[PDB]
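Consider the single chain below, provided in structure tokens and representing the form deposited in one PDB entry.
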């Protein structure tokens, strides 16, 4: 751990503190996640073991590269690649000028590629929010902070603890669904996509009910036709006000017809109908970015 020189503190979490650092010899600029072990009565935190393990498997250009794990005197250091800015800081800087549509499109496609990779490896991110999405100076964006990522196979159960910032939480979760699905990550990305276009949070609630009411105000209060099973859900109330769906011209005005289409498919109430990351990559909105491949009919 002597080859690193701390440049500055980036942030802090329950688990550990993040620093920008230089490998003094090489000049490699890295991000160090320091984890004090002497503070934890249960050894290496469950969450840190899972993040290290998951990130060794997830090797994709649109996922943060974990470069090394170093064990020091009651300290565990995760060494990651450094990225100069997160999407939250980038969007705030671009609030007046706007983000150019080709850059919005490039970022969304890249986010969808990294997410499809996680989903194909049977992993749920569960915490997709702008400050967990890191960008570099040459147009790349990567998914980061896999502290809350859980693998499925035997679906991940829901609980009453600090999970995904309410603002990006899917409606099935707010309505009491007992199991998370890959659809919750697609819901977060639709929120982030709308936020890149408008430069303001699509659904900024202050409680679980305020969040749900904000979703219903924009997308319309759902029913059995749009979402088979919604009325029979644990936290659904027949007393919910019946708002109608707003036109996507008034919700995301700068977006084109292809853009409005993808966003509606990403924000579909039904987790079974909501587009997948793989299917989203095929959407006509990215036809200028990607070129389709021949499908083997066999």
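Under this definition, the rigid core comprises the largest set of C-alpha atoms superposing within 1.5 Å between the forms. Residue numbers count along the first chain shown, from 1.
Omitted from view is the form deposited in another entry, to which the following refers.
Relative to the superposed rigid core, the position of the CA of residue 15 differs between this form and the one not shown by 2 Å or more.
Core-aligned CA deviation for residue 24 between this form and the one not shown: 2 Å or greater. The rigid-core alignment places the CA of residue 80 2 Å or more apart between this form and the one not shown. Note on residue 290 and residue 116: their C-alpha atoms are more widely spaced in the other form, a change of at least 3 Å from this conformation. In the other form, the Cα-Cα separation between residue 290 and residue 106 shrinks by 3 Å or more relative to the displayed conformation.
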